[PDB]
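Look below for two forms of one protein chain, each set out as structure tokens: first structure 1, then structure 2.
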Structure 1
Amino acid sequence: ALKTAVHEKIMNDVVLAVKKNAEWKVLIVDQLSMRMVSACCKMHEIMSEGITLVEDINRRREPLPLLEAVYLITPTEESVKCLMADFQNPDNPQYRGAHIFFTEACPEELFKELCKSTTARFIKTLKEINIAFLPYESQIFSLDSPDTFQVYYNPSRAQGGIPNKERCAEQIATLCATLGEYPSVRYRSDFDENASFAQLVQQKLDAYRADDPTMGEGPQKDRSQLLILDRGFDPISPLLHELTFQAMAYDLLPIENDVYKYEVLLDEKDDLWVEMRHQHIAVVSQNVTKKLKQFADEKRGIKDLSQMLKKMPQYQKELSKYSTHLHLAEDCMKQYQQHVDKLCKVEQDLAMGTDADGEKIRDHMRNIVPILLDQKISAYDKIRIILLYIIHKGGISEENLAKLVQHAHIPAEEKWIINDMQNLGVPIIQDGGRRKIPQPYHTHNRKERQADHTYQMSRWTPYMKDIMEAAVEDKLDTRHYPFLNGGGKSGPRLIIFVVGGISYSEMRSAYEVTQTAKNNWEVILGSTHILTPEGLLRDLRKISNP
């Protein structure tokens, strides 16, 4: 319920915590804290409890010496300056009093500064609420930290990147503290940089239980596990054109900051999107009526059409409840019948390694070339196919990489995106004169799954799900996913964090394993950021584009 745990901290420990009476108050937030508050709280909720206005701490505003101010912000250089600035000098008090709530631990550097500023006398509340992540969805959290990808995968960003990493480790710890968990930490051993990141996470959450022995109280919470994965654990999934509603929309359409214009925001506060989000596009429109008909039914050879008439108004009201969403599914389908259909057939063969009939694939170019030499198909779609093919083959010679990039007419700027995928541990350049890089994510290396798929264009299953299901049954190989400490109204909870981003299909998998393969287990998936196939391509981009 992650979204409510946050709701509980904001509402009771911030808003309500400061309410001693009915005096109006102003809520001051910063870019990040606002995003954080938006996800779990609907504006009319804060506003109904004494908060009369919401301002961005950065862009200064009209002074309100008569009202106290609630500062819910990130203890940043910026923010803290603006803070001390609002009370930078008496008789100008931006406000009459200040209730300060730091989103995360405050650097003692700034702490000292502030405590001696002329702001000290106006501070009526000073706390650390510890909420340094976005409760993106009731089971998915983001650290909105895509630069960490560069940190983890660009050698140039290597050392000197530790501050970023342990900051990540601290944000993850606040996530567990919010859930009141002290899970046993595990990490994928095959990517050497993980163990090191796991220690950071462990240290950070160790510091938290130090200040609270009830964190991880026995109630099944002693079985909770926090798995640290690296993006290279499965490079296929984030590259695939997925066809479930949510995953497909963000990939095919220009939905920025989650807003789909002609405009609407896709969030869990929509309650409808929550029911259609994981649905396969093949049935979104269908089901909209299978239920709308279920509505125009619960409200009830010669046939009398009276009622239906007396009740059309209420009907047209409902049909309108789906207006924009149908406009979304429609958009995805036009896009699909346009050029996606053809891409999925090749992608599914490459990702699976078998055709729709279960047979190993062969004569790869027979289908690759035609797409590569199609001038109407974007270079990013060709790059996704190139990579899926590289990955399928387990590495390619420089020669052929060359020939493929030639046929696809891929700019030289984008060309390095393929090559760079290698910094994640994926074998793309054949011999490499080194050793064999395992590909745990390939189907022929995973547990068997039924080869009877509802849709031929959707046979792939994220490797993530295999991991989730195995962990939920105490069957996750410790030889590949070891505990760094050896060993290993309730959960337990399986917290999976991927440094490098999570795809919408993996977020979908979190829900699937939770509401099915249960034993009261709850899978919470989090990451540095939310991935889009092109978004990933853009991230591989930034390690060679300066």
Structure 2
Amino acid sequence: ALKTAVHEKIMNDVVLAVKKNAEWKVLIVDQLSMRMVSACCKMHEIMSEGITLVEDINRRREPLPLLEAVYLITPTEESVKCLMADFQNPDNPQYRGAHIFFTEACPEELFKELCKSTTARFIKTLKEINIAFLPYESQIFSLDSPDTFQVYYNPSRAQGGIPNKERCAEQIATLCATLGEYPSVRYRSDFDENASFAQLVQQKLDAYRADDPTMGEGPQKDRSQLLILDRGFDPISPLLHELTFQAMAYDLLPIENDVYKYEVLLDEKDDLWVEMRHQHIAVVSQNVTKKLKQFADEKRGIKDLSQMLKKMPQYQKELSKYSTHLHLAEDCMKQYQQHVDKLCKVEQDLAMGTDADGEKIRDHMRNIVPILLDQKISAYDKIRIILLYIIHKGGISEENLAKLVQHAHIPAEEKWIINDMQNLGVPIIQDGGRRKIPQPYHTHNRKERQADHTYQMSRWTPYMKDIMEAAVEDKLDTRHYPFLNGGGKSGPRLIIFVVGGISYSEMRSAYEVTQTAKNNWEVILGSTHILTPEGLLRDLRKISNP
């Protein structure tokens, strides 16, 4: 749904918009744009429409004066510099012409320098397409901006951080503009900084609405809502070792930049991935092979292995899909059985507050310490349950934090990762002498849910989902999620943005709430960056240790 909207700006407003004939052309992109393009477009889709080669605007390349170049770059000092460079002087046109498409609004200073550039005579197309976000999935977007976390949660970063927060606001609008959405802005009152941010986003959209009246045109697009959240709105979820496929693989395995080696890329273009990603491991291997069985049975007591041997090298390209997913499920279980099982049971008690039987837990340490003193258990794993523990207790004393940092043997460098969580608004240091911090995300403060969990280690429901279901039914408390304005082939759309990242369990809830809690509503979830338990810990790291 979102994923295609981009596909269309790329294909119709760039690749096809420039094609006036059969002449070869060159696609010159930059680091971000390329990513953005990869997500929504198949390579051949573009390569069979006149583009015969893709270059990197940066690392200079061979001059082709006979072909026109199409520039899909982010309007920066660099990029715009290389651009004017390629045409830095006539009789040396790096290319025969130029079709320039800025991913987002170009700064008028460089814009000026360019319009007066030695490049002016070559520009055959000059547009701003406004696409400053990665369509990570058809329901999830990312502004690949992990540094914003620092701006929000590190004090020193307070000011000077304003242009970073103002850039985000504008990117969020590029995403709305792209869906032709002019939503109503809502934010979480309890974290004062949100308001200012909610305002930023608002302005930025106004510019788009003023520069195009049909934005948010009729089709229930007058009910859409863009709810702004701060990461401290649910510190439990992004810490838990989740067990649904995607969330669990990224957590326990080394899938860098979305590539799982033995190598493959976990993308929506996979098709099978899109069917297993949210499933619970327990049944993944089971169902992938059940799905393999229905593939082969479409060509291929005595069993005949002939057809297999026959028509097999013919499908190696497809039978490979299943292969890797079986290796993925394997890897997840190998890791689980090793040490994770034991970690989940403690985490679930802590996150829930109640045990498997629905009983309020007690005698915490009895289970915590045995983990902490296990020298074979990781440092980050220990940190995770210590925060969960504190979060549950609603704050601890300097004294006890001291006792846990000891039993776990955490380098006093990784020790501040705890203390810093406090900057997101989570209560970790008891008294504080200040006022009591509300913890909305605790089960005893959230609507009741049925105590039948089909799995004991998967009882926790992201507080995110509660927000989603309440909003989609218009039962989202304005006392905590006010409108900055007060009151408040279609949508309505619930655009939720979290400054501070999002977990796979939340991305999983966006689909859940959508593929059911319907009313025609479609829930789109976006964030500054995509989280991972350890990764969040790292983000927490850089505050008291840039």
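By convention here, residues take numbers in order along the sequence of structure 1, the first being 1. In this text, rigid core is short for the largest set of C-alphas that superpose within 1.5 Å between two forms.
Student: Which of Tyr380, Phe111, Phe295, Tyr322 has its C-alpha displaced by 2 Å or more between structures 1 and 2 after core superposition?
Tutor: Everything else stays below 2 Å; the exception is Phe295.
Student: Once the core is aligned, please say if the CA of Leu309 is shifted by at least 2 angstroms between structures 1 and 2.
Tutor: Superposed on the core, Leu309 moves its C-alpha 2 Å or more between structures 1 and 2.
Student: Rigid core superposed, I'd like the Cα shift of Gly218 between structures 1 and 2 in Å.
Tutor: Reported C-alpha shift between structures 1 and 2: 1.1 Å at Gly218.
Student: If the core is used for the superposition, what shift in Å does the C-alpha of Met47 show between structures 1 and 2?
Tutor: With the cores aligned, its C-alpha sits 0.2 Å away.
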